[PDB]
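Residue numbers (the authors' numbering), protein chains in the order written: chain 2, 2 to 207; chain 8, 4 to 130; chain 6, 2 to 152; chain J, 3 to 81; chain E, 2 to 36, 41 to 101; chain D, 2 to 115; chain 9, 5 to 102. Ideal Cβ placement from N, Cα and C applies to all residues, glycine included. See structure below.
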Amino acid sequence: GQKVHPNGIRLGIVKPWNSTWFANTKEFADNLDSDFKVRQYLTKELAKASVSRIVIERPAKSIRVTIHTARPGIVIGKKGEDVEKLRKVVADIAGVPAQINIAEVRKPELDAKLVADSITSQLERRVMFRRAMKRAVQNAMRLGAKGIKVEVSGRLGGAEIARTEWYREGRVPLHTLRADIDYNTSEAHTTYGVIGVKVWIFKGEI
Amino acid sequence: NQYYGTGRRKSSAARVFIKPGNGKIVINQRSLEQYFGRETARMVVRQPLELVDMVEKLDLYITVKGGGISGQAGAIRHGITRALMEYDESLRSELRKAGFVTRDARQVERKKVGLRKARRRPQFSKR
Amino acid sequence: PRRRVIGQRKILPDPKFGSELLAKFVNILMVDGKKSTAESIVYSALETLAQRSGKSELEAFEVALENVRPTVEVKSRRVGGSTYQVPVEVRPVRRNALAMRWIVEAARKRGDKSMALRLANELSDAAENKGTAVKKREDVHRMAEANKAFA
Amino acid sequence: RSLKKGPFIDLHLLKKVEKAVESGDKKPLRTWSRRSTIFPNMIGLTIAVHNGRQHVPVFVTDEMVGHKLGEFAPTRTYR
Amino acid sequence: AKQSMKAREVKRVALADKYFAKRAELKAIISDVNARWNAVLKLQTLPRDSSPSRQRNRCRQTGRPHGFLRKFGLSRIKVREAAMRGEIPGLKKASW
Amino acid sequence: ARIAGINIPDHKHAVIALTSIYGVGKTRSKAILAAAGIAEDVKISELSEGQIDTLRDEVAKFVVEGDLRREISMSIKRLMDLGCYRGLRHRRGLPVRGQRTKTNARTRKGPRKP
Amino acid sequence: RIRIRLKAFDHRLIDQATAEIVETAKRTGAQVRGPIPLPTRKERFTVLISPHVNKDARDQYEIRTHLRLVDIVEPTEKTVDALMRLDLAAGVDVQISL
RNA sequence: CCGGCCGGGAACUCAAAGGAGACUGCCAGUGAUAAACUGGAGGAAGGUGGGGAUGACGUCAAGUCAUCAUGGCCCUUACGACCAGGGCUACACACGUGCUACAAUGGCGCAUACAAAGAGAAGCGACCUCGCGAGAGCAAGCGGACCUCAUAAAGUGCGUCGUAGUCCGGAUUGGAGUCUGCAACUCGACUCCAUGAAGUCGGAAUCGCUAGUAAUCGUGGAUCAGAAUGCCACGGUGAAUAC
């Protein structure tokens, strides 16, 4: 087990943080756990909506949750009853007056959360993994994407030993720190157990 | 008139002020033999002033803080050689040649994880 | 030393006599990074050495150290599958480095009161070359003299 | 040792000792409370102290008083 | 880590701020150089889990007792996971 | 120099030759020489006889040699006759004050047997 | 007189915010000293990186809190009216204590 | 009021943001006129300047089902749950990693100088009074370049000790206590008085370190009500040697 998380080593360099509140030591743990609850809830209740990121920020006793998603229409719905329902329950969880926004992730096959969730969904619909991976690399390289690597792992095809079998195309410069590597990871709970899907997407060199 | 040098050495900082005058040295409102001149190597604040001599040449009011004994002393040496812009760039030929204008940038190396100190690895048993 | 040929770092000379030789002698004597203590011992011991021998300071030191410098020393080879102790000519910096290491080590062996008396008596016993460091030099020279047959 | 202010006994052991000296020393006492400093009124009683598995009877002599209960009930059996 | 233990932890906190910080008053004020009666040293028949020295500071997410970090409120494992994803603001790798 | 018993110390500073008395260390010795009005660094040679029995008169006010040895012995016997933890522990010859006997109980337990 | 002390985790974000509060204040009121920087607090955390044994593998982390101090001198009513409700900063803690 | 103490000054240390800087860039020589190497100047730094982060494809069916998640199996009036006491601290032994030592380059007493990095509200807790001391009482200031922790210690200058198991060493043990905590018996930490082992430089063997390094000296922090000789950091002094 030996590679650094390629989001974490780029946190001040190119990648931003998904939480951008300041807090002293008295409420740092409380704000942090409140963020675990709103991302847990808001991740479970938008499983069909293809959600990429949820960014929390707290401007002066009020949360401001931004849902980067690929299907904004299914998040908002017929006149946005679903949004006001979500800020009602996020205001229930965080205990502050909640705002909520939706940012449309166009080009959803270049986002690693959406790619890993895609391949994970296909693996738990019992399709063969080489199609899922290989299709994901092809259609991601089709639109921009100066590199992509996907990597499934663990008891693939229902075996009794676990393999990995990664694929990559293009250039994925993972030790370069100015590389805009969009990396994310999902787990596929199949009837044989968990299958881990990692995906790195190299977008640009700065 | 009044001639300045910044002069630092391993976590020290020696402001060196020079006026022309006698051969006295005033460090933190204290003489040289009373600041650290009861201790090891007070010669090194006097080394820049033996390249051309200080006999009755210039009074220097110096003010050092941070560091230890030797750190403060090396800081004053570098401070005087930075403060010998009193005379022009003449001195900084020979003063370069003694190795005095070099900021000695040796600092204490950080302690690293799994090592007791900066490089002393903890001893390893049988094989 | 596998690849890297090296330079060497320049030591500050002695603050009383301007002698880098004696500065390396107070570094050989120093323990636990305590240099003030070691230079106090060297100034006391060589001061009573200059008072006893009546010569001067560092020429009494230079005579007492001139009697303990090795000429040639043995050295292992392991070339032909055998252990040879070949004699080899000592470099001058290594020569007086070994001189000082033997004086200091033999002075730590002695049974007098203070370190300045142990080392003042060891340098005085080396001035008429009858001490312990001269027995170390004669021992080295018996090893390199017995095994002269390898050059 | 401990405590500039008061010694320590449990209140249930206080009440069992008061009733034990009032109505006479009749039976050994089930005490789990090893935390408890022997008082001078406890002299003569047989207080069984729990050692993890067994209540072992402790007859209180006069010089038990500056001590905890559990000193007289060893917990580990070494042979 | 064993649901029971997390429930036990919530019991100890709830008793800790019911009784004590209100009757821990006793141990701060009456056990003192004032008179004395043995009484308030015996008025620690409070339910023993009102004592705040019986909370463990488990991890907020997994209830792990060891490796806790009071700043983040999490064990070292969830601190690293969340730190790398980017949910802990300001926190990044350090090197000096 | 025969103070507090058969103890005869001499040719040594008075703060330190008094430490030969079983039951006075450095502190109690500073207390004896301060209470008897004696300088701390005089020897017993170069010290008068009236001065010596002022030291006898001062050392008599603390529990020393015989009374202290039988007081200590009495304390240990009380513990071993109680049969408390400190007495069973004191009796078997194993460390009393809650120390480690898995290894490194070796003053109390003596040099290792097989 | 009126010290406004700003704290944030991002130095670009805090010097943007304090540049805005400086030009706001000395635009409306008068006599602003300047963004004095006041040492960064580096809090370091050294976690074990493995879920079991392996002490020697650790990960070191830090949170850098940046301060800035402004210290507005003139108590104009215009600068305290215009100074309120105008921050547009999200990760800044301000202290507007007199 | 001799203290940056005040008015004041923004030079300087410094703080933190933004830039410049080091690239074989220049020179000489050697080299396929190539890569480069050796040496020189300038420069704070010279040749990946120092240190860190960064750990390729894979190996060990290496470690973790006890952080978590999880397939299957299994218990489901019990292998689940609540409680008190105990244990994880046991001790003929053996091994690992450390600390303290065996001393005079030192021990002790008196005076006196020079740090860096940190932490702090159910917290850090001055001053002053009491206690030999650990501490106690009243209690300012500080959510903190402002206050507190907090005196750096080795160093230096005097005096003493005088080669003794000693003024070394502090284990062990008795007594008396302080604090935290419902509660120090099993089973804390610290203090005071007393005790004063083993140990005089370590067999075979073995380990770390190439320069602010080893060695040695202190300080801080996390966990934590209280409990470090460990861990993670910080600075002080500061080597030897590399054919």
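Reduced DSSP category for residue i - H, G, I as helix; E, B as strand; rest coil
i	result
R48 (chain 9)	strand
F62 (chain 6)	helix
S53 (chain 2)	strand
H81 (chain 8)	helix
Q56 (chain J)	coil
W103 (chain 6)	helix
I77 (chain D)	helix
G78 (chain E)	coil
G197 (chain 2)	strand
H91 (chain D)	helix
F130 (chain 2)	helix
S100 (chain E)	coil
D183 (chain 2)	strand
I101 (chain 2)	strand
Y168 (chain 2)	strand
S128 (chain 8)	coil
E112 (chain 8)	coil
Cβ of residue i within 8 Å of any chain 2 Cβ
i	result
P70 (chain E)	no
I82 (chain E)	no
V96 (chain 9)	yes
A23 (chain 9)	no
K46 (chain 9)	no
Residue i at chain 9 interface by Cβ criterion, 8 Å
i	result
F37 (chain 2)	no
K97 (chain E)	yes
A2 (chain E)	no
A87 (chain E)	no
Alpha-carbon spacing of residue i relative to residue j, whole angstroms
i	j	result
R81 (chain J)	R65 (chain E)	46 Å
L144 (chain 2)	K135 (chain 2)	15 Å
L115 (chain 2)	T121 (chain 2)	10 Å
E146 (chain 6)	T72 (chain 6)	10 Å
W103 (chain 6)	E36 (chain 8)	36 Å
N148 (chain 6)	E60 (chain 6)	34 Å
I40 (chain J)	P96 (chain D)	24 Å
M129 (chain 2)	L111 (chain 2)	22 Å
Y6 (chain 8)	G77 (chain 8)	19 Å
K108 (chain 2)	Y184 (chain 2)	16 Å
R70 (chain 6)	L30 (chain 6)	17 Å
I103 (chain 2)	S35 (chain 2)	20 Å
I65 (chain 8)	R12 (chain 8)	15 Å
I73 (chain D)	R79 (chain D)	10 Å
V19 (chain J)	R61 (chain E)	35 Å
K62 (chain 2)	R11 (chain 2)	29 Å
Residue i: first and last residue of the uninterrupted alpha helix (DSSP H) it sits in
i	result
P23 (chain 8)	Segment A16 to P23 is the beta strand (DSSP E) holding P23 (chain 8); no alpha helix (DSSP H) there.
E10 (chain E)	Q4 to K19
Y42 (chain 2)	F29 to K45
Chain 8 contact for residue i (CB, 8 Å cutoff)
i	result
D85 (chain 9)	no
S37 (chain 6)	yes
Residue i at chain E interface by Cβ criterion, 8 Å
i	result
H6 (chain 2)	yes
Run of the beta strand (DSSP E) containing residue i, from where it starts to where it stops
i	result
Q52 (chain 6)	Run containing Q52 (chain 6): none in the beta strand (DSSP E); it sits in the alpha helix (DSSP H), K36 to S54.
Interface flag, residue i vs chain D, CB-CB below 8 Å
i	result
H69 (chain J)	yes
(request) Compile a chain-ordered list of the residues in the segment 58-90 of chain 9 whose CB is closer than 7 Å to at least one CB of chain E. (result) Taking 7 Å as the Cβ-Cβ cut-off against chain E, the residues of the segment 58-90 of chain 9 that qualify are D63, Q64, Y65, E66, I67 and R68.
(request) Would you list, in chain order, the members of the segment 40-55 of chain 2 that have their beta-carbon closer than 7 Å to a beta-carbon of chain 9? (result) none
(message) Under 8 Å, CB to CB, which of the residues in the segment 79-101 of chain D have a partner in chain J?
(response) Flagged, chain order: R79, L83, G84, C85, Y86, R87 and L89.
(request) Taking only beta carbons into account, state which residues of the segment 45-62 of chain E come closer than 9 Å to chain 2, listed in chain order. (result) none
(request) Scan the segment 96-119 of chain 8 for residues whose Cβ lies nearer than 7 Å to a Cβ of chain 9 and list them as they occur along the chain. (result) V116 and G117
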